[PDB]
Student: 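Let me begin by handing over the structure; questions about it come next.
In what follows, chains are A, B, ... by sequence order, proteins preceding strands, each numbered from 1.
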Amino acid sequence: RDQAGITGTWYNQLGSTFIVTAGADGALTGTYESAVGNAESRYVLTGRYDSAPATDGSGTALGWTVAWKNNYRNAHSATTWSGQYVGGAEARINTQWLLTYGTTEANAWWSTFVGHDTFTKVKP
Amino acid sequence: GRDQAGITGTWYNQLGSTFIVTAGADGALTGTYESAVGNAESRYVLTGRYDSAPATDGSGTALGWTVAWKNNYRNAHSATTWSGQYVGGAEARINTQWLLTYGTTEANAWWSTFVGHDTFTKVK
Amino acid sequence: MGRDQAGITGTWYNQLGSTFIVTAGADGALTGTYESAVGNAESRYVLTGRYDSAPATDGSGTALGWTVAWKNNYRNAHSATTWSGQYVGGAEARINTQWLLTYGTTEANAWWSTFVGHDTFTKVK
Amino acid sequence: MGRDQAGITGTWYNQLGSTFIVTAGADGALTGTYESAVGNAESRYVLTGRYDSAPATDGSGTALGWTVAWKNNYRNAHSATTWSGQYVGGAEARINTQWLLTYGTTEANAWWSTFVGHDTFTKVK
Ligand SMILES: O=C(CCCC[C@@H]1SC[C@@H]2NC(=O)N[C@@H]21)Nc1cccc(S)c1
Ligand SMILES: O=C(CCCC[C@@H]1SC[C@@H]2NC(=O)N[C@@H]21)Nc1cccc(S)c1
Ligand SMILES: O=C(CCCC[C@@H]1SC[C@@H]2NC(=O)N[C@@H]21)Nc1cccc(S)c1
Ligand SMILES: O=C(CCCC[C@@H]1SC[C@@H]2NC(=O)N[C@@H]21)Nc1cccc(S)c1
């Protein structure tokens, strides 16, 4: 339903690139390249979306994860984005995210960052 | 993967939910989640990522995963992402924070996302 | 005394159409009223919070937060929101926040007691 | 006047060993001091917040929140924390919270300005 719509190349307000393919079964797979932080080149992402959403004008729920390890860098961290795809003229993926990095137990209290990313198909 | 063995297997949270996961050598997480609460019945597909080469200073291993709450029985038009870290040892744990987003209209988007925290252990 | 006391004091507006009226004290206090354009809210609610009255000099923002409990002389939504964020000065002064809204639940329902979001405030509607 | 005014008023301790000393006013006010056992913090910091002074009578918790800006006479960590949560009274009284900690950043570093966590406070040390 929203498979073709979600599938494609997305950019957030930071200039990050999210290249994703939505599967018929609810899979999300692709690559993420962050414009910020301890990150270089593309990282693997996987996630899930609701492949049969409400038809009442509601968005499509989805989420995905990046672990920040590739051949170039390892930031000992993972980000999860949770949010919704909104179709139509101004297609957009509005998210909140959590970034956890590996800490000792004594440091676990400041292990997790929160933020928000909005993605569109136009590079801003 | 340094914790591929420690992570793979069955986990239980404070609410009585069950998470079965395989951790791949390449940083993949795949499995199923069965929730003890909410609009949830039976198992749901889970996918995520973990750091397959963590620090060796006693830091945890960062990870995350997504469940979209659609299976053959039920569709709650929502998805949860868990972001956290695995901590090995006698009392292995996965400590997470999570975001649950449900599909909303634009007018209801301000209240589309819940936040919480779950701790998983290997013992029921 | 307070470095951004002048910049923060006044009326702010968010992306929802809500209105935040605040006074920053020299001692770090935030006092004022919040009027929400959405939810189980009517008219103005008391707000109280704190800000860093001696921020860093290097162009960093000024950290702040405040709370609104959603009870007033009209309604009681058995809930409270906290906003955490920073004030950025200049033209297009802004207060960029993340928020948590907790509502009172039984223990059985506490897992879904807390919403999260983000609000941006500017001096112009 | 407040339903849980006496229940909330007093000293609370979290899982980190931090100490929260609070007075609940009749009108919904929270005032007091916070002393963190961790981070760039020393001694007591001013807190202010709000609680629902007339909660539901169905065994629901009492929604509340408060803010600390991490500046006192000893130290300034250019940051503020807000706790959003609920009070549950009775045998083992507890305040269960989620929190947001924002530190002052430049605009380029704003994306990593806010930490999130959860604290549970009880009356015992
Ligand atoms: O820097 C990294 C790795 C890359 C994160 C990129 C983030 S993910 C959310 C946001 N959205 C984007 O597009 N980019 C940013 N990890 C790390 C480790 C320890 C502390 C901190 S702050 C960060
Ligand atoms: O109920 C569901 C689907 C199942 C969620 C289970 C949650 S995921 C985080 C936590 N950890 C667990 O183990 N279980 C819970 N979605 C939904 C949609 C719209 C509004 C609401 S309130 C809920
Ligand atoms: O509706 C209310 C009372 C008013 C909340 C207004 C919010 S505060 C963050 C955001 N920013 C604004 O300006 N407005 C909104 N409480 C309540 C209780 C139970 C469930 C839910 S969803 C909501
Ligand atoms: O360190 C401080 C000042 C004290 C924070 C204490 C926290 S508040 C939530 C939690 N609950 C407690 O009881 N204690 C902790 N600020 C600061 C600035 C920049 C980055 C970071 S990580 C931290």
Student: Count the heavy atoms of every other residue, nucleotide or ligand shown that sit under 6.0 Å from CD of A/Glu90, and state whether that count exceeds 12.
Tutor: yes
Student: Side chains of C/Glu42 and C/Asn72: is there a donor and an acceptor less than 3.5 Å apart?
Tutor: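 There is no such pair between these side chains.
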Student: For this output row, return yes or no: ring centroids of C/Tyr34 and C/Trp83 closer than 6.0 angstrom.
Tutor: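 Yes, close enough.
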Student: Would you please say whether a donor-acceptor pair under 3.5 Å links the side chains of B/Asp3 and B/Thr61?
Tutor: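 Side chains of B/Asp3 and B/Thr61: pair found under 3.5 Å.
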Student: Is the side chain of D/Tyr87 donor-acceptor paired with the backbone N or O of D/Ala93 at a distance under 3.5 Å, no angle test?
Tutor: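 Side chain of D/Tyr87 to backbone of D/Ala93, a donor-acceptor pair under 3.5 Å: no, none is there.
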Student: Which atom pair, heavy atoms only, marks the closest approach of D/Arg50 to D/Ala29?
Tutor: NH1-N, 3.3 Å
Student: If we check ring-ring contact (aromatic ring centres under 6.0 Å, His included) with A/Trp64, which of these qualifies: A/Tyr43, A/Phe119, A/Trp97?
Tutor: A/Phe119
Student: Looking at B/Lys122, I want to see if its NZ is surrounded by more than 12 non-hydrogen atoms of other residues, nucleotides or ligands under 6.0 Å.
Tutor: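 More than 12 within 6.0 Å, yes.
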Student: Quick one about B/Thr104 and B/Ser112 (side-chain donor to acceptor, distance below 3.5 Å, no hydrogens or angles considered), yes or no?
Tutor: no
Student: Given A/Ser82, which partner from the list B/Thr80, B/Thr101, B/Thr66 fulfils the side chain to side chain donor-acceptor pair (under 3.5 Å) test?
Tutor: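 Checked B/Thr80, B/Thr101, B/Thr66 against A/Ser82; only one passes side chain to side chain donor-acceptor pair (under 3.5 Å): B/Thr101.
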Student: Just by distance, no angles: are the side chains of D/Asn96 and D/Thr120 close enough, under 3.5 Å, to form a donor-acceptor pair?
Tutor: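 Side-chain D/A pair, D/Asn96 to D/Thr120: present.
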Student: Within the distance-only criterion (no hydrogens, no angle test), does the side chain of A/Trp109 pair as donor or acceptor with the backbone N or O of A/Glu105 below 3.5 angstrom?
Tutor: no
Student: Kindly check if the number of other-residue, nucleotide or ligand heavy atoms within 6.0 Å of CZ (D/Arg3) is above 12?
Tutor: yes
Student: Return yes if some donor-acceptor pair links the side-chain N/O of D/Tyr103 with the main-chain N/O of D/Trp112 below 3.5 Å, else return no.
Tutor: yes
Student: Return yes if some donor-acceptor pair links the side-chain N/O of D/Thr9 with the main-chain N/O of D/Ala24 below 3.5 Å, else return no.
Tutor: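 Yes; judged by distance alone, with no hydrogens or angles, the pair exists.
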Student: Got B/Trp11 and B/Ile94 here, is their nearest side-chain heavy-atom distance under 4.5 Å?
Tutor: yes
Student: Do D/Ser18 and D/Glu35 have side-chain atoms, one donor and one acceptor, less than 3.5 Å apart?
Tutor: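 D/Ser18 vs D/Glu35: no donor-acceptor pair found between side chains.
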Student: If we ignore hydrogens and angles and just use 3.5 Å, is the side chain of A/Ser58 paired with the main-chain N or O of A/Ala54 as donor and acceptor?
Tutor: no
Student: Look only at the side chain of A/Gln96 and the backbone of C/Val116, and say whether a donor-acceptor pair between them is shorter than 3.5 Å.
Tutor: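 Indeed, once roles are kept as given, a pair shorter than 3.5 Å links the two residues.
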Student: When you measure from the side chain of B/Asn75 to the backbone of A/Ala52, do you find a donor-acceptor pair of N or O atoms at a distance under 3.5 Å?
Tutor: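 It does hold such a pair.
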